[PDB]
Amino acid sequence: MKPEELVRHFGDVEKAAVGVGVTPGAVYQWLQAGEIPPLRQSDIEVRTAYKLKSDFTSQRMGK
Amino acid sequence: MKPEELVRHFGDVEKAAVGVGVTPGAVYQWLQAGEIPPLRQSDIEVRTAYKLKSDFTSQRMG
DNA sequence: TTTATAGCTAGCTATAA
DNA sequence: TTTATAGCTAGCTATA
């Protein structure tokens, strides 16, 4: 999943940082990079009960 | 998931290490500690197509 | 609220038995 | 094969 999809999912940056257990500064860094680091994407996919999918899972499932 | 479940799943430490994209020495650390680090547990769950469950998922389904 | 970035350390890899 | 641990940096937190 892309940082903007994470922000849509929880509603804003503050709620996204609380939703995945980081500081807002981590979410702004993902947004600026246009990318969530890979173990983090797995952890977000797990912690959201797969409502958000990692790039790994989307690729594996054939997009 | 516990480090013993991870190793039983792949067959041995070498195969576990290849299976989750780490060196065997990372797997020996998890076994000796008795725990796999949290983000790592999530990655193993995703990379095994949910065949192994993180402690988080195990607890949530309980 | 967001940007920019210094500064730290968990959790790896590398190594030497 | 496994132990013990040094060497190291990605990816955070803390800040300004």
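A, B, ... follow the sequence lines: proteins, then strands. Residue 1 opens every chain. Basis for what follows: all heavy atoms, side chains included, without hydrogens, waters or symmetry-related copies.
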Enquirer: Using the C1'-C2'-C3'-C4' torsion, classify the pucker of C:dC12 as north or south, with positive meaning north.
Expert: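 North pucker for C:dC12.
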Enquirer: Would the distance check show the side chain of B:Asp12 and the main-chain N or O of B:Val7 forming a donor-acceptor pair, the cut-off being under 3.5 Å?
Expert: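 Answer holds: no.
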Enquirer: Now, which nucleotide makes the Watson-Crick or G-U wobble pair with C:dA10, with each of the two distances under 3.5 Å?
Expert: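 Partner of C:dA10: D:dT9.
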Enquirer: Which residues, if any, of residues 5-13 of chain A bring a heavy atom under 4.0 Å of DNA chain C?
Expert: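 Contacts with DNA chain C under 4.0 Å: A:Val13.
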Enquirer: Closest heavy-atom contact between B:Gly34 and B:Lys2?
Expert: O-CD, 3.5 Å
Enquirer: Taking all heavy atoms of A:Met1 and all of A:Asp55, pick out the closest pair and write down the distance.
Expert: N-OD1, 2.8 Å
Enquirer: When both hydrogen-bonding distances must be under 3.5 Å and the geometry is Watson-Crick or G-U wobble, what is C:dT2 paired with, if anything?
Expert: none
Enquirer: Which whole-number value in Å describes the distance from A:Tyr28 OH to D:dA14 P?
Expert: 16 Å
Enquirer: Would you confirm whether A:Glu5, through its side chain, and A:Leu52, through its main-chain N or O, come within 3.5 Å as a donor-acceptor pair?
Expert: no
Enquirer: I'd like to compare against my own output: the B/S/- annotation of nucleotides 5-17 of chain C with a strict under-4.0 Å heavy-atom distance to protein.
Expert: B-----SBB----
Enquirer: Which pair of heavy atoms, one from A:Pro24 and one from A:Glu14, lies closest together, and at what distance?
Expert: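 Taking every non-hydrogen atom into account, CG-OE1, 3.1 Å.
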Enquirer: In Å and rounded to the nearest 0.5 Å, what is the CD to OG1 distance from B:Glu45 to B:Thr57?
Expert: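 It comes to 3.0 Å.
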Enquirer: Can you name the closest pair of heavy atoms from A:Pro38 and B:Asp43 and give their distance?
Expert: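 Scanning both residues, the minimum pair turns out to be O-OD1, 4.2 Å.
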Enquirer: List for me each residue that meets ring-ring contact (aromatic ring centres under 6.0 Å, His included) alongside B:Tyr50, sequence neighbours excluded, and say none if there are none.
Expert: A:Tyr50
